[PDB]
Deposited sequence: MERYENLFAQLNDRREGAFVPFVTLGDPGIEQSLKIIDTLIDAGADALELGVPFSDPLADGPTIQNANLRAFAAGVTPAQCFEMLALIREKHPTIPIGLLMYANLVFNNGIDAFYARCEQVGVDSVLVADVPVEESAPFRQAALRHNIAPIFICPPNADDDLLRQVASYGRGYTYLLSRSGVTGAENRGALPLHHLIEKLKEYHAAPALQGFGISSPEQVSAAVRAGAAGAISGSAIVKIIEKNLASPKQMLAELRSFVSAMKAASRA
């Protein structure tokens, strides 16, 4: 499918950045997680990034580590996550859905079969956190064979060779790490015809969304800030959704022309 391409074309026509929340699937339970995701969409999320709980989430900080633990406490499995993904896509036909995966979960029952399942449920992209571009060939190949965009992290100190590899190998969007001047990286990625850049890591406030767009990025990804709202409001599911709605609304507003 062409969900990211259609989204970015539409946003470009509106002179608008993308706002993309990250949550962990099944945090703090399956039911609540599905409601959280609908709320994120209703509040104005342009795309989603969704994590599958994994025993050893090396690339995640404390907030998301805690989300993973909550999902495990609720007994959430990858199989259940894929059931959730099919339901989410059934409700929301055009929003791009990206997964944030660890390699073992992709490799476990066969790389090709993993990407085929993503295609069946209507996922658009997969970022495998612990697969650097150097090791990416079988993952990128399987992704593209099954109409899935492989997403790569571009570190802000990336050398020219890395920029060229990320530009060639990635699809959908380029994940530009917050932590060289970002605008220069953004310009180089454009020069190399990379997928549009979304800035991620540490994006927690509206001014950071506007700054990302001003620097020339196509948009911004926020995770810990969203997940913290879940953690803070575990005792009050209704308040949790209200606060998620307010936050996402504010963050999305910061992206509009």
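Coordinate coverage of the deposited sequence is interrupted once, at 180-190, where no C-alpha atom was modelled.
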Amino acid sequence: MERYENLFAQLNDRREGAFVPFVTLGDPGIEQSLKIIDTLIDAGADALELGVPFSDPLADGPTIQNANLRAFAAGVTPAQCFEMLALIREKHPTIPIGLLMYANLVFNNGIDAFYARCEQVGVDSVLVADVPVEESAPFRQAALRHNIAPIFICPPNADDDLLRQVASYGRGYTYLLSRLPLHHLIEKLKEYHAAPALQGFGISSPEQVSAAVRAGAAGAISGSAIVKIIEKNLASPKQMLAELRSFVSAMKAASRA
From here on, numbers count along this sequence of modelled residues.
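For the two forms, the rigid core is made up of the largest set of C-alpha atoms that agree within 1.5 Å on superposition.
Of the two segments 56-64 and 27-35, the one whose CA positions lie farther from the displayed form in 8 other deposited structures of this protein, once all are superposed on the rigid core, is 56-64. Note on 88-96 and 155-163: with rigid core alignment, C-alpha atoms in 8 other deposited structures of this protein sit farther from this form for 155-163. In at least a third of the other PDB entries of this protein that model the residues around it, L180 has no coordinates. Of the two segments, 115-123 and 170-178, the one listed with the higher mean B-factor is 170-178 (C-alpha atoms only). Set 58-66 against 209-217 and average the Cα temperature factors; 58-66 ends up higher.
Within the selection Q32, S224, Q199, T39, the deposited Cα B-factor values reach their highest point at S224. Comparing the listed residues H146, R89, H183, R140, the entry records the largest Cα B-factor for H183.
When the CA B factors of the chain's modelled residues are split into thirds, the value for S136 lands in the lowest one.
Annotation for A242: CA B-factor lies in the highest third of the chain's modelled residues. For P96, the recorded CA B-factor ranks within the lowest third of the chain. Only modelled residues enter the ranking. Among the modelled residues of the chain, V248 sits in the middle third by CA temperature factor in this PDB entry.
When all modelled residues of the chain are sorted by CA temperature factor, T77 is found within the middle third.
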